[PDB]
Each structure stands twice: as C-alpha cells, then as structure tokens.
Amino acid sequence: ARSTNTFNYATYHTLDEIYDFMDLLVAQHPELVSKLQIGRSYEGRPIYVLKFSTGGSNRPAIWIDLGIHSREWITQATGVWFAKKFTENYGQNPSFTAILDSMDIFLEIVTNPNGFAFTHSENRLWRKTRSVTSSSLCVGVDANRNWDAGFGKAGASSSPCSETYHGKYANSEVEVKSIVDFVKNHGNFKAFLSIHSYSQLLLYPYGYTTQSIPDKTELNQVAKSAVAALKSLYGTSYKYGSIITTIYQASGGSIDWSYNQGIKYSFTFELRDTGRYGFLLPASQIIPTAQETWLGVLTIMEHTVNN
C-alpha cells in the first residue's frame, strides 16, 4: 500500500488500488515511467496508460493492453506485475535493458474500467462495457468486436443483449476509440499485444476472414518460439495459430485492426487456465502465470527490436 515493494502482487485488487499503484510506481521511478490519460470511460473514469521509456524522440513502441474483457481478472493482475517487473529488470537483465534503451513500452492495465468496477460490485462475470443503447434495456458492447476490422461481419452479434454485441458502429465505444486515436496519432508502434483469458493460446490475425496474412510464416515462427519460452518455467502448454483457425471466427477484433494499420507483430494471449477454474483463477496462480507470460512477451519483444 505504501510502496510498490509492499503492494501484494499475489492477490486480486480493486480499481482504486490499481490506480493508486500507478501513482506509486511513477513516483518511485520518475525517470523511467510516466502516467498518461488517453481518455475517459463511458461512466467518466479516467483511462490510464503507463509509458516506460529511457528517452529518445518518438522511438518505435510496443503496445500492451489488458482487461478489455473485465471478468478476466488474471489479465489486470498480470498487468500490475508487468509494470513492476519492467522497473526491476531494466539495468539487470541484458535483453530487456537493450529493448528499453531503443524502444518505448505502453501498458494499459485496465482497458475497460467501467466493466472492471462492475465485476467488483454486481456481476463478477461481466464481459462488456457499460454503455447504454437507445432501443434496448441491455447494457454494454463487447469491446473486442467494436474495432474497424471486418466490423459487423460473422463472428459478432447485432443484438444489444448479446455477450458479443458489436455496437452501433466501429469505434463507438470510447474505451476503444481512445486507443485507436492514440495509436494512430503516435504512428510508430511496431508491436500490439492484447491480453485475455482463458484457454492458453497465442493468436495472430485474422479472425474475421479466412484469408492468410502475408506475414504468416514469420509470425507463426515467432509464436512457436514465444510458446516454447513460456513453457520452460512450469510446463504450461499453449497452442498457437490464426484466430479463425484456432478458436473461432470473430469480427472487429483489436489485433486484426492493428495488423491492418501496419503493425506487423500483433498477437493476443489467452492466459491460464484450460477450464478447471476459468475466469475464477485462484490468486495463488497470479505470480506463476505472470512470470511465464513474461517470458513469452519478452520473446516477442526481442524479435521486434531486431526486426
């Protein structure tokens, strides 16, 4: 509570505790991390992004977002751990140090604030945002079906009450448009990673079309390598491939959008587990999950800095 060194990484936290955590981290490592507000959620909560940088002018960057689907608590928890990990490994780990000396990292721990708060107060399994639709009593949009990539096509629902409702139009959700604007304004992102749970998968584009991306071979080899590194810690087995061939057809997904923007290294991680606990993964698995997931993300970052 007092410093990031006394913060309990082995338990799930509320929105306010995570937000306070951000201010403690920035105050402890002002020369490495800064807090940016890229917008406000539907219910007015600020949307924060942590920027890790050793300097430079608009250096190529890595984007990482967690919790777009609020009920996937393991993601926001892994995000908090990542933030701390960055500050601890810079100057200690040769590989990660090399990356931060040439690239910036943007981390969005709570991509869907309103949904997260709701999972703490009313429905632990809430998935969508909390926006209100005109002609319906149902609330929320699936933020991972709201991006401008095959928007409205098969793999999403036009029903406001559906768990996979895509919304009135692409980027209708302020939580999504805030990211879209920031990334387009930045113009120099080289990697885009969106974290989810569960089922243990590493996926690349596309989800809305059966068409194969032109960088299929390279991304597949990168995924294979990332999966091998992640498995080395506790033996956690991951499967990998394109969204549509590995899990199911899904339209309006974020990495399909990022890839079509020219960001070649676009991947989505579906963390632990495989169904035993699902979204209600025990707090005792937070650290081990984050630790192994780190090796997988580091692997992708390494390939990016050199390519």
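Heads up: residue numbers just count along the shown sequence, starting at 1.
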Check: Which has higher Cα B-factors on average according to the PDB entry: 235-243 or 62-70?
Finding: 235-243
Checklist line | Between 103-111 and 89-97 (mean CA B-factor, as deposited), the higher | finding: 89-97
Notebook entry, point to check: Out of 146, 123, 200, 76, which shows the largest CA B-factor listed in the entry?
Noted result: 123
Item checked: Residue with highest C-alpha B-factor in the PDB entry, from 178, 194, 129, 157 -> 157
Note to self: By the recorded C-alpha temperature factor, relative to the other modelled residues in its chain, which third is residue 263 in?
What the structure shows: middle
Item checked: residue 223, C-alpha B-factor rank within chain (lowest, middle or highest third) -> middle
Margin query: Ranking the modelled residues of this chain by C-alpha B-factor as given in the entry, is residue 269 in the lowest, middle or highest third?
Written below: lowest
Item checked: residue 204 - which third its CA temperature factor falls in, relative to the rest of the chain -> lowest
Next item on the list: Would you please rank residue 277 by its C-alpha temperature factor against the other modelled residues of its chain and give the third it falls in: lowest, middle or highest?
Entry: middle
